[PDB]
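# Working through the structure, step by step
The chain contents come next:
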Amino acid sequence: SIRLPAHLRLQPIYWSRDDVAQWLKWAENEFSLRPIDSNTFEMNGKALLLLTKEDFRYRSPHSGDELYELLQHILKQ
Amino acid sequence: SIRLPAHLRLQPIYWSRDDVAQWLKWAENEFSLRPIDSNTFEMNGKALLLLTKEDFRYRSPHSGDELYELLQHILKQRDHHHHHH
Amino acid sequence: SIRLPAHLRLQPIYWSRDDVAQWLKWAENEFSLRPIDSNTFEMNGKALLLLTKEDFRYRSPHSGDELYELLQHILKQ
């Protein structure tokens, strides 16, 4: 299953810039992804929700698609 | 959700150049974007609608994707406003 | 038929990042595919299951569709 750390259980639309960075770090560890510079997603959650999947892919060629789908899964929960 | 001020809740095609500037200020605040220069898009809404996402990135290296997609969301909202029951 | 080697019979959701790489190595040989880079999917099984078929196609222009359907077959088994 997919369970977020307590500090990230709020809806993504409320995530701060730090929350987004924490989410990226959590995802890296939970899914064994290649590390990326969190500054590639220089925004909060409300802005993150505006990005298209292609926007995720160009920011992270190696994990963007997974991160986008992970976010969709979180929203669907 | 996303709610524009009254003077901007019209279809973007009806936005004046000043409306576009006001939209940028509203967006910067609403989405906590890095400071957007007032000369980023000196044109009216009809003109803004002709730009591509790449154009938004060139004009706003820091917030182009956010701004372009925010405009897409606004267009979808207007479409729903005019076509729902 | 399609039979996974003993070390890959555990459910994909439990695959480690190395297991995913082992699956790719097995698939390339079993299906006579073009060479698959061992880091084509830098993630574990939980992450692999979140990707879409389009993502597989982008990651592997030569075999992504086949690998995605192979995974579905494994999940159905």
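The following refers to the structure shown. (Residues numbered from 1 in each chain as written, not as in the entry; some residues may be left out. Chains lettered and ligands numbered in written order. Heavy atoms only, no water. Residues with missing side-chain atoms left out of burial classes, pairs and counts.)

### A short note on the overall build of chain A
This is how the line gets drawn: A run of H or I in DSSP counts as a helix once it spans at least four residues, and a run of E counts as a strand once it spans at least two, with each numbered from the N terminus. What the globule rule says is 2.2 Å times the number of residues to the power 0.38, and the radius of gyration is computed from C-alpha atoms. In what follows, a contact means two residues having at least one pair of non-hydrogen atoms within 4.5 Å.
Looking only at helices and strands, chain A has four helices and zero strands in total. Computed over its C-alpha atoms, the radius of gyration of chain A comes to 11 Å, within 12% of the 11 Å expected for a compact globule of 77 residues. Considered along the principal axes of its C-alpha atoms, chain A spans approximately 30 × 25 × 20 Å. In chain A, 52% of the contacts between residues at least 6 apart in sequence involve partners at least 24 apart.

### A short note on the arrangement of the chains
Ranking the two pairs of chains in contact by number of contacts places chains A and C first. For chain B and chain C, which are not in contact, the least C-alpha distance works out to 21 Å.

### Examining the interface of chain A and chain C
Just so we agree on the cut-off: Simply put, the buried area is the total loss of 1.4 Å probe accessible area from both parts when two parts are fitted together. Between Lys or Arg on one side and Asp or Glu on the other, a salt bridge is scored when a side-chain nitrogen of the former is within 4 Å of a carboxyl oxygen of the latter. Polar contact is the term for a pair of N or O atoms within 3.5 Å; when the atoms are in protein, one must be able to donate a hydrogen and the other to accept it, and sequence-neighboring residues count only if both atoms are side-chain atoms.
Each partner contributes residues to the interface: chain A has 16 residues there, and chain C has 13 residues. Surface buried jointly by chain A and chain C totals about 1,200 Å² across both partners, of which 45% is contributed by carbon and sulfur atoms. Counting every contact that joins chain A to chain C gives six salt bridges. For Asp55 of chain C, the salt bridge is made with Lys53 of chain A, and the minimal N-O distance between the two is 2.8 Å. Counting every contact that joins chain A to chain C gives ten residue pairs in polar contact. Breaking the side of chain A that touches chain C down by element, the ones donating at least two residues are α1 (17-31), α3 (53-59) and α4 (64-76) of chain A.

### Looking at the pattern of salt bridges
Using the following cut-off: Per-residue accessibility, obtained with a 1.4 Å probe over protein chains only, is compared with the maximum for each type, and a residue is labelled buried under 20%, exposed over 50%, and partly exposed between these values.
Throughout the structure, instances matching the rule amount to 18 salt bridges over all chains. Residue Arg57 of chain B pairs with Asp55 of chain A through a salt bridge whose shortest N-O separation is 3.1 Å. Of this pair, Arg57 of chain B sits in helix α3 (residues 53-59) while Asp55 of chain A sits in helix α3, each in a different chain. For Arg57 of chain B, a relative accessible area of 32% translates into the label partly exposed. For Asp55 of chain A, a relative accessible area of 1% puts it in the buried group. Here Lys53 of chain B ties to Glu69 of chain B by a salt bridge, and the two come within 2.8 Å at their closest N and O atoms. Note that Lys53 of chain B is positioned in helix α3 and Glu69 of chain B in helix α4 (residues 64-83), a separation of 16 residues in sequence. The pair formed by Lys53 of chain B and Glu69 of chain B is uniform in burial state, with each residue classed as buried. Overlapping salt bridges bring together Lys53, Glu54, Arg57 and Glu69 of chain A together with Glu54 and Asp55 of chain C as one network.

### So, the environment of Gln77 of chain C
Residue and element names in this part refer to chain C. Note on placement: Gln77 falls in the segment after α4 (64-76). Taking relative accessible area as the criterion, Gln77 reaches 64% and is therefore assigned exposed. C-alpha separation for the pair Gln77 and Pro12, spaced 65 residues apart in sequence, amounts to 11 Å.

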